[PDB]
């Protein structure tokens, strides 16, 4: 009929299961019933039989939350010493370190000594604190003389790299001979500038080298110039392995290169001449492009390994570096023509360099309805469908992601289309993306919140395509999206920025929790957008970057320039996030330009060259 399941759900959270038992067989057919079964079993888990739990795991092993039952149940199996059953259900792919440490204890108590050692070492060499279950394991492992001073030293080094200094220190008080260098590693990790006192760190042993090597790699982040100076000294003074040296040169080189210091080039060249490190290789090339050294850039683009060379990034820059080095050569038009077909930032630049139309080619997928029917009738779908109609966004979203976890390519696309048809845009975007079917531009770039975006764009003299592109990159139309560091909503406003932006523009805000309202979020998003637009003279390349990284960052990336090309500037952005972000926004603006029937070239005329001059 139509289900008052909330009676039973209210009974179970908290206390009593009597309504669920009464109701149960009316809900034989209802899809969310097994969430009730789940809690009913979970509250009495400590006294449920094996055969009952095992049976629940077979019948409902498709539930998003089934892993938590396995964790709670396997704790009991270990306490009770019922290892036969523990091992039948312990799954490493749950990623529960409590369980992995429990499985280590099994290994050691049941003959598998080599494997238990290896398990213990694998969980010991971690720079953060581990569960209590692992203390028991590390106790046992130690009691078979495997916990050597070398390994407590190695974990100490990981902990200092993780900046977990209370852990790092506990470990330093456990070094029977190296306790000096342990204390010295923690000092240096906290302030690596102390390495200027070279007399204090010249004790010629491997432990001292470990402290100096860490110190130099950390110092390289904020003072790469000082660290470059000190490298020369310390490499003579101390027994660095060849790999320990290249690891230091890597950080010093990368940090110098991101400040556009040409002293990075000889260092990078000497410590990675094989072009083994992709990141060193890309920034070596980027630094050359910044300095106008086109020939060297070009030579370098020709040496790249297969996996870099195959990218659109370095196909482009091979072509453009040649065009810059040899303006009169025609080898670059061949290279651009092969690339101009790709629907991607670099492919658009290639098409822009040839003055030829961009290639979009919207081509939605041939789907078998026998596949569509199967995915529409899957238990996980039926449940997710029902959570959507109930208002529970997060539960429906949880069900959706988790079913997709094991769907093949055909099924994922079927899933994608089902979500599009509901106007449920972010999950369609998400599913089609993990399907890697990129040609369906209707699903990938839908016109969601069009009224509200097109309105607040005209409001502030901004192009519709550009606001469409920002919110697509920032949220992908998840109205309640939240980032790792607390940026909130469709245009990922930062609580601190939202506060400023509210105050300035006379747009009222109740709270950070109100950033989830589309109409609120877009007003003060599009406000802050026009501000940074105006701060950089209508330059969407600069203005975009500012939106993601702060105008003071963008100002720093503009000193001291003179007639810098826009593509070289974008390519040489120090932050990987902000570089990718800018590239995506500019690309998405092209595409939403076509879909809004207000064409947008990859860059405007006035954006092509800029400087702080």
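Residue numbers count along the first chain shown, from 1.
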property: Of 444-452 and 499-507, the one with larger mean CA B-factor; result: 499-507
property: Given 22-30 and 557-565, the range whose Cα B-factors average higher in the PDB entry; result: 22-30
property: Largest Cα B-factor, entry values, listed residues 262, 538, 327, 176; result: 176
property: Member of 269, 187, 105, 521 with the greatest C-alpha B factor (per the PDB record); result: 521
property: Residue 100 by Cα B-factor - lowest, middle or highest third of the modelled chain; result: lowest
property: Chain-relative CA temperature factor third for residue 415; result: middle
property: Chain thirds of CA B-factor: placement of residue 396; result: highest
property: Residue 347 by Cα B-factor - lowest, middle or highest third of the modelled chain; result: lowest
property: Lowest, middle or highest third - CA B-factor, residue 612; result: middle
